[PDB]
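Trainee: no sequence for this one, just the structure:
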């Protein structure tokens with residue numbers, strides 16, 4: 001409908017796949033080469049389905065901060081025959097608050113879904129499903145099951161992936177440029 005949705009759509013059309021684990025179907029963001037991200041509660045194993053195709057997982061790392069606190073991001077390298085467009089230059093370098101964000105989802109259940117969530121707070125600490133979690137972003141939208149892995153963007157930045165909600169607020173794990181240096 002406007003330039004927020006334009007940037008979101010550009011990311012969805014080239015940099016997302018549908019990931020299936022034993023814990024469900026997730027929006028999965030591809031970042032560069034064969035490297036993608038997914039919420040850690042997806043419980044990625046040795047094999048994952050990518051757009052309904054059996055795919056070997058070459059590496060999977062559940063990120064934690066330097067205090068050994070959960071960040072709820074898993075970085076996955078996929079045994080895929082094709083690279084993602086490199087979008088690392090759209091990742092923020094530091095923790096921040098944002099205006100006018102969009103949450104975008106693409107699954108078998110919710111295809112081509114875009115939600116204007118508005119203002120995004122650097123919330124920080126969250127007890128997420130019982131697990132102490134850091135670097136959480138919060139938005140005041142009543143997000144539902146089927147949205148986990150959803151991509152949070154502003155115009156020009158890919159800032160996080162959706163990891164949970166409490167019925168009234170939604171929560172994303174930050175994406176930082178420093179997670180994807182090599």
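Mentor: Sure, I can see it. Numbering: from 1, shown residues only.
Trainee: CA atoms for contacts and neighbours, from now on please.
Mentor: Will do.
Trainee: touching, residue 94 and residue 175? I think so.
Mentor: No: using Cα atoms under 8 Å, residue 94 is not in contact with residue 175; the gap is 9.2 Å.
Trainee: the more surrounded of the two?
Mentor: Shown here are residue 94 and residue 175; by other Cα atoms under 10 Å, residue 175 has more neighbours (24 against 10).
Trainee: pretty sure the more buried one contacts residue 153?
Mentor: No: taking Cα under 8 Å as the definition, residue 175 is not a contact partner of residue 153, at 10.5 Å.
Trainee: what sits in contact with each of these two?
Mentor: With contacts defined as Cα atoms under 8 Å, 6 or more residues apart in numbering, the residues shared by residue 175 and residue 153 are 159, 160.
Trainee: can I take it that residue 4 is in a helix?
Mentor: Yes: Residue 4: assigned to a helix according to DSSP: H, G, I helix; E, B strand; the rest coil.
Trainee: give me the number of residues near the nearest residue to it once chain neighbours are set aside?
Mentor: Excluding the flanking residues, the one nearest residue 4 by Cα to Cα, 6 or more residues apart in numbering is residue 155, at 5.1 Å. Counted by other Cα under 10 Å, the residues lying close to residue 155 total 16.
Trainee: tell me if I'm right that residue 155 and residue 3 touch.
Mentor: Yes: counting by Cα under 8 Å, residue 155 does reach residue 3; the two are 6.7 Å apart.
Trainee: helix or strand for the most centrally placed residue in the chain, which one?
Mentor: Central residue of the chain (Cα atoms, centre = their mean): residue 161, 2.5 Å from the mean position. When elements are assigned from DSSP states H and E, residue 161 belongs to strand 157-165.
Trainee: in terms of secondary structure, what does that strand contact?
Mentor: If contacts are counted by 3 or more Cα pairs under 8 Å, 6 or more residues apart in numbering; DSSP states H and E, strand 157-165 sits against strand 35-39, strand 151-154, strand 170-174.
Trainee: and the gap between the residue nearest to residue 4 and residue 31?
Mentor: Noted for residue 155: a distance of 17 Å to residue 31, by Cα to Cα, to the nearest Å.
Trainee: next: residue 122.
Mentor: From residue 122 over to residue 31 (counting by Cα to Cα), the distance is 22 Å.
Trainee: equivalent analysis for residue 123, please.
Mentor: Distance from residue 123 to residue 31, by Cα to Cα: 24 Å.
Trainee: contact partners for the closest residue to residue 36 other than its chain neighbours?
Mentor: Spatial nearest neighbour of residue 36, excluding adjacent residues (Cα to Cα, 6+ apart): residue 30 at 4.0 Å. Applying Cα under 8 Å, 6+ apart to residue 30 gives the contacts 15, 16, 17, 36, 37, 84, 85.
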